[PDB]
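Just below is one structure, and these are the notes that go with it.
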Amino acid sequence: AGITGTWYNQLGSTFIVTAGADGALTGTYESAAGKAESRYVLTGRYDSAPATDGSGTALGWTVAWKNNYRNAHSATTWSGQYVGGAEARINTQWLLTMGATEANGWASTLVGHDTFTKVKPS
Amino acid sequence: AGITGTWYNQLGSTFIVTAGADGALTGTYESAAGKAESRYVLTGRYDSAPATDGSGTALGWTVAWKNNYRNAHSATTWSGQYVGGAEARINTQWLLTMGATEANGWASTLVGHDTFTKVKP
Amino acid sequence: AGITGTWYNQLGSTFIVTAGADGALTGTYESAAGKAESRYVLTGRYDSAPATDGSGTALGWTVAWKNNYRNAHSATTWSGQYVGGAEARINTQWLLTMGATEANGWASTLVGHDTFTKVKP
Amino acid sequence: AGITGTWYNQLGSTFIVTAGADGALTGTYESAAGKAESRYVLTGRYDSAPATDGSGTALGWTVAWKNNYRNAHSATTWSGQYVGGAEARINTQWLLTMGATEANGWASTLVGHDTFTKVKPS
Ligand SMILES: O=C(CCCC[C@@H]1SC[C@@H]2NC(=O)N[C@@H]21)NC1CCN(c2ccncc2)CC1
Ligand SMILES: O=C(CCCC[C@@H]1SC[C@@H]2NC(=O)N[C@@H]21)NC1CCN(c2ccncc2)CC1
Ligand SMILES: O=C(CCCC[C@@H]1SC[C@@H]2NC(=O)N[C@@H]21)NC1CCN(c2ccncc2)CC1
Ligand SMILES: O=C(CCCC[C@@H]1SC[C@@H]2NC(=O)N[C@@H]21)NC1CCN(c2ccncc2)CC1
């Protein structure tokens, strides 16, 4: 309910998601950055019965960066929580793993943090 | 290919996954550590057309730590890659986020690394 | 250049640092969050000859959470870069490791991100 | 005492460190991987009065990847703990930040994990 909708992060990427009764997140992700174009399938999970003490709602989702137009041989997982209120927000940290050989595994994973709100960028 | 089946990490957790033709990962996770018991639903994605240059196959999945027995108000995502061969493995790094108040948000996320193999430790 | 001085992050912590000619960072950290009080010693390194292409200046530092008042048996490292300009900032990600038994090692490391500015929040 | 010495990680990198009475780590790092050659200065901190319940000793250190031969405009911090015993070990996770513009900040930080032991590679 509160999670379902269209969200945008600080890069201008577009996160369209539906939070289902079974605890699943399903939708599409469009990244404004990197080796990506148009929409990618996402799937994830969220806590469908969160605490009522003011705590956020834990969640996560994955995008593999392959669609009909491009394959960047990589995947990002976002782990975070939804925080409701006047300015609802999803605060995340993410891990992006690139397909790599063994000589290059050490350099295979980027880390970052994305904040999502429902405010469409200008 | 090669991803579908049962995998074990260094903690003894059991990762049961099916890699579908549409790039989907679907299965169950049983953690040997933390506030967890029995199996939890997992869903994720993998590169269904990986490079042919010897690179691994990038993938990720999520578990929310709620099932019919308990709810630990948290979720873990594993991000990594499958590497095939005689000693196949899925090498991952993970982020566990706990549902938290704003006063405790700074301390809400654990990070780690799990190595999954076809043979238990 | 531009690094030496007092900085504040979004939690209200105070980062007092001197960037030396030898690439060293030296100063004190006062955390507004966690098991911490008063100042802690910090030491780190920065690129003393950064690129001239508009890139930030890479740097990192460590605090062990022991001083003469308390010891929280943990240490944080911040890894990031200084970006100069009208709204200068040091953008970081951090890893806090707690001294832990092997049974709790999987849960020993927190991860986060701190943005430091010259103006308090 | 237990921390002071020469350590090697799974990549074959060489970590020469002295743990001082003031809580400081000082020494040199030589990376077997990446845009690095010869030795780099490191500095860090460790818990000089760790717990006595079997817990490890928390510590961290930083290398900026500039020396007299090369500058890779980047820095790595390792955060971890020393675990004593028959096979003493330093278990770490690390963050490597590369100098970047604003268009590229999202991709500026690699993450990984290094295990150090005193066994010299063959
Ligand atoms: O780029 C992608 C796919 C798109 C990822 C978009 C990322 S997901 C976390 C963050 N949040 C967003 O909303 N968007 C970004 N994958 C590899 C390709 C090789 N990489 C580079 C980087 C820089 N230059 C050249 C090559 C590293 C990343
Ligand atoms: O334990 C779980 C759920 C099971 C996580 C299992 C983890 S997934 C990565 C790793 N790989 C595995 O195979 N297993 C482990 N959630 C905790 C998180 C930490 N929590 C707190 C809260 C307050 N203070 C301290 C800690 C709250 C609940
Ligand atoms: O709090 C501190 C020391 C101060 C850390 C302050 C942190 S540094 C990154 C961030 N940026 C700041 O400016 N401030 C915060 N150490 C804790 C770690 C968590 N600990 C446990 C143990 C068991 N269960 C749960 C948690 C043990 C002690
Ligand atoms: O490489 C370095 C400096 C050496 C880092 C060595 C790393 S520290 C953590 C790990 N533990 C070790 O012992 N060693 C490795 N810095 C940038 C340069 C640009 N980068 C690449 C990567 C791959 N191809 C091309 C360019 C990313 C990294």
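Chains as they are written, first to last, in PDB author numbering: chain A, 15 to 136; chain B, 15 to 135; chain B', 15 to 135; chain A', 15 to 136. A prime marks a further copy of an entry chain.
The beta carbon of each residue, even a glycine, is placed where N, CA and C say it ideally should be.
Asked                                                                                                                                                : Found
Does ligand 2 have even one heavy atom less than 7 Å from the beta-carbon of B/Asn81?                                                                : no
What are the boundary residues of the beta strand (DSSP E) that includes B/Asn85?                                                                    : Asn85 to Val97
With a threshold of 7 Å, establish whether the CB of B/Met112 neighbours any heavy atom of ligand 2.                                                 : yes
Find the nearest neighbour of A'/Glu51 within the set A'/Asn82, A'/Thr57 and A'/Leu73, judged by alpha-carbon distance.                              : A'/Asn82
If we call anything under 8 Å between Cβ atoms a contact, is A'/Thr57 one with A'/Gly74?                                                             : no
Look up B'/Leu56 in the DSSP assignment and give the residues it is bridged to.                                                                      : B'/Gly41 and B'/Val77
Sort A/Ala65, A/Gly113 and A/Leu124 by Cα distance to B/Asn85 and report the nearest one.                                                            : A/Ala65
So is the beta-carbon of B'/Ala47 under 7 Å away from any non-hydrogen atom of ligand 2?                                                             : no
With a Cβ-Cβ cutoff of 8 Å, do B/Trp108 and B'/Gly126 count as a contact?                                                                            : no
Per DSSP, A/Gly70 forms a beta bridge with which residues?                                                                                           : Answer is none; A/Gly70 lacks a bridge partner.
Alpha carbon to alpha carbon, how far is B'/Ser93 from A/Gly48? Give it in angstroms, no decimals.                                                   : 22 Å
Would you tell me roughly how many angstroms separate the C-alpha atoms of A'/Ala102 and A/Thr115, rounded to the nearest one?                       : 29 Å
Whose CA, out of A/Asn105, A/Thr40 and A/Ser122, lies closest to the CA of A/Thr32?                                                                  : A/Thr40
Report the residue from B/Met112, B/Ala15 and B/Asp67 whose alpha carbon sits nearest the alpha carbon of residue 137 of chain A.                    : Since the displayed chain A opens at 15 and closes at 136, residue 137 of chain A lies outside it and no answer follows.
Could you tell me the distance, in whole angstroms, from the CA atom of B/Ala35 to the CA atom of B'/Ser122?                                         : 37 Å
Using CA atoms only, rank isn't needed, just tell me which of A'/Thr131, A'/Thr28, A'/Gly68 and A'/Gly37 is closest to B'/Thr76.                     : A'/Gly37
Would you mind stating whether A'/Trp21 and A'/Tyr54 have Cβ atoms separated by less than 8 Å?                                                       : no
Which residues of chain A' have a Cβ atom closer than 7 Å to the Cβ of A/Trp120, listed in chain order?                                              : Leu25, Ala47 and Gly126
Tell me the rounded alpha-carbon separation between A'/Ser45 and A'/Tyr96.                                                                           : 20 Å
Residues of the segment 102-115 of chain B in Cβ contact with chain A' at a cutoff of 9 Å, in chain order, please.                                   : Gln107
Looking at C-alpha atoms only, which residue of B/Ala63, B/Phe130 and B/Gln24 is the closest neighbour of B/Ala15?                                   : B/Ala63
Using 8 Å as the limit for Cβ to Cβ distance, is A/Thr123 near chain A'?                                                                             : yes
Let me check one thing: in DSSP terms, what residues is A'/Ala33 bridge-paired to?                                                                   : A'/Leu39
Taking Cβ positions only, does B'/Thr42 come closer than 8 Å to chain A'?                                                                            : no
For B'/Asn85, is the beta carbon positioned less than 7 Å from some heavy atom of ligand 3?                                                          : no
Excluding five sequence neighbours on each side, which residues of the same chain lie with their C-beta closer than 7 Å to the C-beta of B/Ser88?    : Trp79, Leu110, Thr111, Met112 and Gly113
In chain order, what residues of the same chain lie with their CB nearer than 8 Å to the CB of A/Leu25, ignoring the 5 residues before and after it? : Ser45, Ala46, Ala47 and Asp128
Below 8 Å on the Cβ atoms is my contact criterion, and I expect A'/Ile17 with A'/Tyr60 to pass it. Report the Cβ-Cβ distance as a whole number of Å. : 6 Å
What would DSSP say about residue 137 of chain B, mapped onto helix, strand or coil?                                                                 : The structure shown has nothing for residue 137 of chain B, since chain B only spans 15 to 135.
Can you say whether A/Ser136 is buried or exposed, counting buried as having 16 or more other CB atoms within 10 angstroms of its CB?                : exposed
At a cut-off of 7 Å, is A/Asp67 close to ligand 1 when judged by its beta-carbon and the heavy atoms of the ligand?                                  : no
With 8 Å as the threshold, decide whether the Cβ of A'/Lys80 is near any Cβ in chain B'.                                                             : yes
I want to check one thing, is the minimum distance from the CB of A/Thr106 to the heavy atoms of ligand 2 below 7 Å?                                 : no
Can you give me the start and stop residues for the beta strand (DSSP E) that A'/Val133 sits inside?                                                 : Where A'/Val133 is concerned, there is no enclosing beta strand (DSSP E), given that its DSSP letter is neither H nor E.
Ligand 2 and B'/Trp120: does any heavy atom of the ligand fall closer than 7 Å to the residue's C-beta?                                              : yes
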